[PDB]
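Every read-out reported here was derived from the displayed coordinates using simple, explicitly stated rules and does not represent laboratory data. Here the Cβ is made from the backbone with ideal geometry for all residues, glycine too, and neighbour counts use every protein chain on show.
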Amino acid sequence: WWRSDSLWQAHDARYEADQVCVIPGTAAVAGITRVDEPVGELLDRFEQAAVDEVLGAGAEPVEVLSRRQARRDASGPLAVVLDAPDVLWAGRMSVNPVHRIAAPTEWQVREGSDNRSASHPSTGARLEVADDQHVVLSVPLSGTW
Amino acid sequence: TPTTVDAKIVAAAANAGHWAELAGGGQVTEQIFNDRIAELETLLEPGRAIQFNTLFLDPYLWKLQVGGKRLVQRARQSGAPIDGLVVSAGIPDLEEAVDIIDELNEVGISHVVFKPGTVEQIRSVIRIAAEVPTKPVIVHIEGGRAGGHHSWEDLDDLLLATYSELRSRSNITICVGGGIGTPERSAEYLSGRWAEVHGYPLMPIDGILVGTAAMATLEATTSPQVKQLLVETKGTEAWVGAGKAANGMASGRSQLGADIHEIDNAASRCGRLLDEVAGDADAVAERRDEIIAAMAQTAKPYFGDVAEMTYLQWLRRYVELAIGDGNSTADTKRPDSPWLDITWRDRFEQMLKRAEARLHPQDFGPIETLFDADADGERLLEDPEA
Ligand SMILES: Cc1cc2nc3c(=O)[nH]c(=O)nc-3n(C[C@H](O)[C@H](O)[C@H](O)COP(=O)(O)O)c2cc1C
């Protein structure tokens, strides 16, 4: 009777909060000081200071950090097609057809590998991928003609 | 459970560009939980994706999960944004884990999440990893220094011993968690420098989870007074065995006997009394005066003397406890808040209808046929005093 459903009073309750079971951890509490600090701030605070510590010693103003403020990338259009397993259509998530296009294809062709802009990946399933209008990646599949 | 159950915070955390797990301990049905995902996907901006957390503890939830997993299956068969599943409090057996991994929603699962608490539990997941070597498995290694569900197992020694075998599987993503509020203290586990204190060569980690430090956050539904309470709590170094409130933190056992880390400074009355009552139950009748008054101190009120108490006092006590004046249950019903107590309002009705059932000498024609009408009865309900 005492312990049942004791976790909900910590949220949206006007009652004295010294009567309530509220759940922290022991050692993590020390790291808890700032109150009503947005989630985005705390999680970034972790990432941003982890970056700085990694940057300063080993990286020392790395090309990766400089490329970011200047907008340069890893995994360009050709890689992105072969990387992300999820293919979005509207608000729905689908599996990457290239996963089933790449290997199962009888004849698979990667056109102009080292050159990014002209890069093309085609298959005997009749599915071909190329880039158009910069960031837009164009996948072209065909049935018969 | 309390924190991430709100669709608002898990969305806001994801909209900040971060991975998060929607709590399942606050959702009792497929339908009620499907509302949350719908509220999530609405607050989810384009493309953004979240995961789900489930508990192994009791059979009813595991039977509910059969409907729950098929709900997750149906959702992702419909193409739902939720990209992961988290099994908690225990590690499913191989045949149980294979099912989860191989579900119709599998691609939408994209990885499976397990939380080993013991050396044996770790070795169990390794066997789940070798089961499907091509399926990503994120192994979150927690402590008992963590919050909520507890354990007697040290943070280091477990990972110290089992790390080598964990790295023989490429599909295993090692994630250390517990007792971490900051990037600075958690940086050494990432570099692998943390194992050097124990003499073991560098032992890097792939990821880090923060449970506790995110509770005082702005978008969290934690009450203003409760946040201030979590704050003023002083923290500690490596957990100590001696029974006490330790840096505003003392362990306590749930109804099933498993320990729970709760705040014993912010609230000192519930936890310590519970330990008193627990260790004291043979002679409870003798300490009854001491025990029954302490329930009233923590606001777990018994009723005034049961016989002598007037039916009003009965019916007025339920209204007192169930109906908040500040939140205005009538005004609480209009937004359609999930905090709605409606079973409590239905509880009070069955008591009211019992009162008419108890005192009426006649055929019960006039009274019962009135209060039972929808339009009539619901209007009577929103006005408890009347
Ligand atoms: C209020 C609260 C509720 C929690 N609920 C669950 C849960 O339902 N399932 C679970 O596996 N872990 C749960 N946890 C544990 C966290 O998922 C995480 O493992 C732990 O909090 C990390 O340790 P730390 O917060 O002390 O750093 C909960 C923790 C807290 C504080």
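When shorter helices are ignored and each DSSP H run of at least 4 residues is given -39500 (n - 2.57), the per-residue value for chain B at 222 nm works out to -12500 deg cm²/dmol.
With a Förster radius of 25 Å applied to the beta-carbon distance between B:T29 and A:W1, the computed FRET efficiency rounds to 0.55.
Using the Cβ-Cβ distance between A:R116 and B:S328 with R0 set to 60 Å, the FRET efficiency from 1/(1 + (r/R0)^6) comes to roughly 0.45. Charges were assigned to the Cβ only: +1 to each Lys and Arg, -1 to each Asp and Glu. The resulting dipole of the range B:260-360 about its Cα centre is roughly 520 debye. Relative to one another, the C-alpha centroids of the range A:70-145 and the range B:228-300 are positioned 59 Å apart.
A full extension of the chain between B:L380 and B:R354 corresponds to an added length of 7.7 nm, given 0.36 nm per residue minus the alpha carbon distance.
Only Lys, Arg, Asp and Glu carry charge here, each on its Cβ (+1 for the first two, -1 for the last two); on that basis the range B:1-68 has a dipole of about 80 debye about its Cα centre. Residues of the range B:340-361 with an amide N closer than 18 Å to a point placed 7 Å from the Cα of B:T369 along the Cα-to-Cβ direction: B:356-357, B:360-361.
If I model chain B as equal point scatterers sitting on the Cα atoms and use the Debye formula, what is log10 I(q)/I(0) at q = 0.07, 0.11, 0.13 Å⁻¹? Results for chain B at q = 0.07, 0.11, 0.13 Å⁻¹ read -0.43, -0.98, -1.25.
Can you tell me the orientation of helix A:39-54 relative to chain A, as the angle in degrees between its alpha-carbon axis and the longest Cα principal axis, to the nearest 10? Once rounded, one gets 70 degrees. Between A:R68 and A:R100, the modelled labels are 3.7 nm apart [label points 7 Å from Cα along Cα→Cβ]. In the range A:34-145, taking the dipole from charged Cβ atoms about the Cα centre, the farthest positive-side position among A:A74, A:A49, A:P38 is held by A:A74. By the rule of a C-alpha distance below 13 Å, with chain neighbours fewer than 8 residues away ignored, the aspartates and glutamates paired with B:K353 are B:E368, B:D372.
Percent of C-alpha pairs per 10 Å bin in the range B:330-386, short distances first: 20, 50, 23, 7, 1. Here B:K333 is the anchor, and no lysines lie within straight C-alpha reach of less than 16 Å, apart from those fewer than 8 places off in the same chain. Short to long, the 10 Å bins of the Cα pair-distance histogram for chain A hold 8, 21, 19, 18, 16, 13, 5, 0 percent of all pairs. Partners of B:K300 within straight-line reach, counting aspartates and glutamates whose Cα lies under 16 Å from its Cα and excluding those fewer than 8 residues away in the same chain: A:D5, A:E16, A:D18, B:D275, B:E276, B:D289, B:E290, B:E320. Full extension of the chain between B:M295 and B:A278 gives 4.8 nm of extra length, using 0.36 nm per residue less the Cα-Cα distance. Once divided by 2.2 N^0.38 Å, the Cα radius of gyration of the range B:206-336 becomes 1.37. Taken as Cα centroids, the range B:128-181 and the range B:331-356 sit 44 Å apart, rounded to the nearest whole angstrom. Only helical runs count toward this figure. For chain A, summing -39,500 (n - 2.57) over DSSP H runs of n ≥ 4 and dividing by all residues gives -7000 deg cm²/dmol at 222 nm. Working from Cα pairs under 8 Å separated by at least six residues, relative contact order for the range B:206-342 is 10 percent.
Ordering B:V319, B:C270, B:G241 by Cα displacement along the dipole of the range B:213-349 toward the positive end leaves B:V319 in first place; charges were set at the Cβ atoms of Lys, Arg (+1) and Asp, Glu (-1). Roughly what % of Cα-Cα distances in the range B:1-89 sit above 16 Å, to the whole percent? Within the range B:1-89, distances greater than 16 Å cover 48 percent of Cα pairs. Once the chymotrypsin sites (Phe, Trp or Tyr not before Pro) in DSSP loops with at most 11 neighbouring Cβ atoms within 10 Å are cut out of chain B, the longest remaining piece is B:1-151.
As a quick test, which of the pairs B:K115/B:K244; B:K8/B:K227; B:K69/B:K115; B:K69/B:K135 have an alpha carbon distance above 20 angstrom in this structure? The answer is B:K115/B:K244. Along its principal axes, the protein assembly as shown has C-alpha extents of 93, 63, 45 angstrom, given from the largest down. Here the dipole of the protein assembly as shown is about 820 debye; that uses its Cα centre as origin and unit charges on the Cβ of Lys and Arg (positive) and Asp and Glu (negative).
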